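*Asks:* I need the structure of the sequence given here:
(2 chains)
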Amino acid sequence: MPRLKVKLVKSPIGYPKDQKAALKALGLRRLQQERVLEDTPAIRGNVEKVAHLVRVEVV
RNA sequence: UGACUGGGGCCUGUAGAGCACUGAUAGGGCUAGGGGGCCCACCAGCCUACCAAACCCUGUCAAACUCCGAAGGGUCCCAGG
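*Replies:* Numbering: from 1, shown residues only, chains lettered A, B, ... in the order given. Coordinates below:
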């Protein structure tokens, strides 16, 4: 799977519980933090959900 | 095993729409009664740009109407986590 690279770039302060929890699923705690993740449809499913807080690249 | 997410299988009567049921409805057709002119009381008879059921056509309304009906949500299984 051509790996996904994600960066948290907006504060989740003010968004719903579940959205903050998807970030948690991903392992994104801090702002500007980047994580490299395999491209399974469950990984994608969550990143879909927090699309508006994250920029996404391919590796 | 968690929150959250992917793939499946059930359950549901809202948004929206509709008039088959319950009721409401504007106009026209068709047509019981009743009013009233022609008229005879021996009771019949003909007409009326009157009020008007039931029924049909056109046009619509409804938390306590529904022939119909999403997005979603609920739950169970397999996974990621």
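*Asks:* drop to CA atoms for contacts and neighbour counts, all remaining ones
*Replies:* Will do.
*Asks:* I'd like to know how far the one residue sitting closest to the centre of chain A sits from residue A:54.
*Replies:* To find the centre residue of chain A, average its C-alpha atoms and take the closest one (CA atoms, centre = their mean): that gives residue A:47, at 4.6 Å. Residue A:47 sits at a distance of 8 Å from residue A:54 (criterion: CA to CA, to the nearest Å).
*Asks:* SS state for the residue nearest to the centre of chain A?
*Replies:* On the three-state scheme (DSSP: H, G, I helix; E, B strand; the rest coil), residue A:47 is labelled helix.
*Asks:* give me every residue that touches it.
*Replies:* Contact analysis of residue A:47 by CA atoms under 8 Å, 6 or more residues apart in numbering lists A:22, A:26, A:54.
*Asks:* Contact distance from RNA strand B - what residues of chain A qualify?
*Replies:* A:17-19, A:21-22, A:24-26, A:40-46, A:49 (CA under 7 Å from any atom of the strand).
*Asks:* Between all of these, which two are separated the most?
*Replies:* Comparing every pair within the residues of chain A next to RNA strand B by CA to CA identifies A:17 and A:40 as the most remote, at 23.3 Å.
*Asks:* what residues does the helix or strand in which residue A:7 is found touch?
*Replies:* Applying DSSP states H and E as the criterion places residue A:7 in strand A:4-8. By CA under 8 Å, 6+ apart, the list of residues contacting strand A:4-8 from outside reads A:28, A:30-39, A:53-59.
*Asks:* Take those residues and, keeping just the buried ones, write it as a PyMOL select command.
*Replies:* Once 16 or more other CA atoms under 10 Å is used to decide burial, the buried members of these can be selected in PyMOL as follows:
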select buried, chain A and resi 28+34+37+53+54+55
